[PDB]
Undergrad: 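To start, I am sharing the structure in question, which I have written as C-alpha cells.
Heavy atoms only: backbone and side chains are in, while hydrogens, waters and symmetry mates are out. Note that ligands are numbered from 1 as they come in the structure, with each ligand's atoms numbered from 1 the same way. The first residue of the sequence shown is numbered 1, and numbering continues consecutively from there.
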Amino acid sequence: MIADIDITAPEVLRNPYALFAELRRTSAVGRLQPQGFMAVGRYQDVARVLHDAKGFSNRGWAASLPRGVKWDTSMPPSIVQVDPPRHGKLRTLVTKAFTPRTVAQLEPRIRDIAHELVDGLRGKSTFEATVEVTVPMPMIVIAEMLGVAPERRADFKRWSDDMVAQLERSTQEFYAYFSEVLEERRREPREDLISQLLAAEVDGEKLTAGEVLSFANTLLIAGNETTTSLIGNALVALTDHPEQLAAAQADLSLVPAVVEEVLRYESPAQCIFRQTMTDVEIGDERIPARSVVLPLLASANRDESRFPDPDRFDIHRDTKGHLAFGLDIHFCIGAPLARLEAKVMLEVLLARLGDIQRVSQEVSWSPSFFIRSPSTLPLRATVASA
Ligand code: HEM
C-alpha cells in the first residue's frame, strides 16, 4: 500500500516514478515501512512543506545519518541540520566565502579538468563513465576550492569515496587534516575556501573553527555524490533519447537546458528530510508531531499538475520551478557550482566524443532511494583530442 511503501523493493530502485505517481494519485501523504517516515509527493504540497520551516524542521536530517558511527561532538552540525534563527546567521557567514563570484571564476579550471578527464579516454572505444568522469570531476573541483595540498589529494579522494569503521577513520582524518590547514591559513591565508571562511565577518560575528571545518565537510557530502549523479543521470537520459543527444551534440548551446531537464526528470536528490514540530495537516492528511517527513523532490518534479507529460524527457520543455535544489531558506548553496560542472563536463564530452551509446540498455542504479545515480555506466564512444 501507499501506507506500506518499501523503498528496498527492486521495482522502486529501478523506477521510483511508478510509486510516486501512484502516491500522488492516492494520497497527499504516504508512509515508508519499516522506517515509518512520511512521504509527500504532490508538487504544491512539497513546496508548502519546504516553505514551512517553522512546522517542518531541518533537524529531520539527523534521521539520515549512519547509525553505529561515533561523531566528534565538538563538531557543530551541518548547516543543513540547522533551523532559524541560527541557520540564517550561519548561512550569511558561509556564503561570504562560498560565493557566486568564486564559483563563476572556477569555469576555466573546470574546463581544463573536463578536458583532462576526456584525455584519459583517448584510444579507448569503451569507458566506464562513473569512475573515469563523473565521480572525479566534483571531487577534484572541491579539493582545489578547499586548497588541498597536492600530496593530500589521494587521501581526499579516499575520504570523499568513504563519505558517498572505515567511515569513522576517514571523518577523523578529514578533520585532522583540515584543522592543520585552518591553523596554517590563519598564519598565511591564500585564495582558498578555508582562508575565505576564516576571513568572513558579518555584524562583527565570525564562524567558529568547528563551524569552518563542519562547512568544509558539508561541501564534500552535499556536493560530490549529487553532482556526480547529475552528470551520470544526464548521460543516461541523453543515451535513452538519441535524437536529443544528437541535437545537443550539434548545438552545444542546448547544454544548460539539458542540465535543467535532467535536474527535473532524474532529480539527483530524490528526497530530503524534515521533522514535524507539531501536529500538522497537508492535503487533509494529518501528520503527527515528531514525524520524519520526506518531501519527495523527484515526485514533485514529475507531477503532471506542474510539468505536463512529466514522464517525457524533453530538453526543450519549460523546466522553471523544478525543486531539484530545494526551495526557500535551505536552497542549495552549491546550485551554481553543480550547474557549472555539469554544463562544462557535458560540453566537453559532447564536443569530443562521437556517437555515444550505453553498453547495456539496463542501467544499474545505485541501491539508494535518496540519491538517484548509476552504480556504473559503461559507455561506447570514440574520443577526438581536445
Ligand atoms: C546536482 C547537484 C546537487 C543537488 C541536486 C543538490 C540538492 C540540494 C538540496 C535539495 C538542498 C536543500 C536541502 C534541504 O532543504 O534540506 C541542498 C542544500 C545544500 N547543498 Fe546542494 N545539491 C547539489 C550540489 C551541491 C554542491 C556542488 C554543493 C557544494 C559544493 C552543495 C552544497 C549544499 C549545501 C551547503 C546545502 C545546504 C544549504 C542550507 O542548509 O542552507 N550542493 N542541495
Undergrad: Quick one: does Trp61 get within less than 4.0 Å of ligand 1, heavy atoms only?
TA: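 In this structure, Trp61 qualifies as a contact of ligand 1 - some heavy atom is under 4.0 Å.
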Undergrad: Could you give me the CA-CA distance, side-chain angles and deciding distance for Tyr17 and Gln270, then say whether side-chain hydrogen bond (donor to acceptor under 3.5 Å, both in side chains) is met?
TA: CA-CA 10 Å; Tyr17 306 100; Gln270 293 266 117; 3.0 Å; yes
Undergrad: Could you identify the single nearest non-hydrogen protein atom to atom 5 (C) of ligand 1 and state the distance to 0.1 Å?
TA: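 In this structure, atom 5 (C) of ligand 1 has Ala324 O, 3.4 Å as its nearest protein heavy atom.
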Undergrad: Is the closest side-chain heavy-atom distance between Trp159 and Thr171 below 4.5 Å?
TA: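 No, side chains not in contact.
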Undergrad: How would you list, by chain and number, every residue that makes a salt bridge (charged side-chain N to carboxylate O under 4.0 Å, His left out) with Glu132, sequence neighbours excluded?
TA: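 With neighbours one apart ignored, the set is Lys124.
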Undergrad: Could you pull out all residues at least two apart from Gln44 that satisfy side chain to side chain contact (heavy atoms under 4.5 Å, CB included)?
TA: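 In terms of side chain to side chain contact (heavy atoms under 4.5 Å, CB included), with neighbours along the sequence ignored, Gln44 is linked to no residue.
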Undergrad: Using a strict 4.0 Å cut-off to heavy atoms of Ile79, name the atoms of ligand 1 that fall inside it.
TA: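 Near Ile79, meaning under 4.0 Å from one of its heavy atoms, ligand 1 has 40 (O), 41 (O).
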Undergrad: Which donor-acceptor pairs under 3.5 Å do the side chains of residues 377-386 make with protein atoms, sequence neighbours left out?
TA:
none

Undergrad: So which protein heavy atom does atom 27 (C) of ligand 1 come closest to, and at what separation?
TA: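 Sorting protein heavy atoms by distance from atom 27 (C) of ligand 1 puts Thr227 OG1, 3.4 Å first.
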Undergrad: Any salt bridge between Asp161 and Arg158, counting N to O under 4.0 Å?
TA: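 No salt bridge links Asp161 with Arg158.
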Undergrad: N/O of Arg91 under 3.5 Å from N/O of ligand 1, yes or no?
TA: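 Min N/O separation from ligand 1 is below 3.5 Å for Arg91.
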Undergrad: Show the atoms of ligand 1 that are less than 4.0 angstrom away from any heavy atom in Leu297.
TA: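 Per the distance check, 10 (C).
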Undergrad: Who gets closest to atom 29 (C) of ligand 1 by heavy atom: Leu219, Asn233, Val80?
TA: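 Among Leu219, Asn233, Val80, the closest heavy atom to atom 29 (C) of ligand 1 belongs to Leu219.
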Undergrad: Considering the heavy atoms of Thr218, write down every atom of ligand 1 situated less than 4.0 Å from one of them.
TA: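 Selected atoms, number and element: 35 (C).
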Undergrad: Look at the aromatic rings of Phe20 and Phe369 and report parallel, tilted or perpendicular, splitting at 30° and 60°.
TA: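 Ring orientation, 0 to 90° scale: perpendicular.
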Undergrad: Can you figure out which of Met145, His330, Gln270 has its heavy atom closest to atom 12 (C) of ligand 1?
TA: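 It is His330 that holds the nearest heavy atom.
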Undergrad: Near atom 21 (Fe) of ligand 1, which protein N/O/S atoms fall under 2.8 Å?
TA: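 Per the 2.8 Å query on atom 21 (Fe) of ligand 1, atoms found are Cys332 SG.
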Undergrad: Measure from atom 41 (O) of ligand 1 to every heavy atom in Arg372, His87, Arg274 and give the option owning the shortest one.
TA: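 Minimum heavy-atom distance to atom 41 (O) of ligand 1 goes to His87.
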Undergrad: Checking contacts here: is it the side chain or the backbone of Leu50 that comes within 4.0 Å of ligand 1, counting heavy atoms only? Could be both or neither.
TA: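 It is neither part, as no heavy atom is under 4.0 Å.
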Undergrad: Is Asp162 paired with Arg169 through a side-chain N to carboxylate O contact shorter than 4.0 Å?
TA: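 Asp162 and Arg169: not salt-bridged.
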Undergrad: Yes or no on side-chain hydrogen bond (donor to acceptor under 3.5 Å, both in side chains) for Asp192 and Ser195, after CA distance, side-chain angles and deciding distance?
TA: CA-CA 5 Å; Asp192 64 280; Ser195 296; 2.7 Å; yes
Undergrad: Less than 4.5 Å apart, any side-chain heavy atom of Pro77 and any of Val82?
TA: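 Yes - at least one pair of side-chain heavy atoms lies under 4.5 Å apart.
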Undergrad: Would you call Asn224 and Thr226 a side-chain contact if the rule is heavy atoms closer than 4.5 Å?
TA: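 SC-SC contact between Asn224 and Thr226 ruled out.
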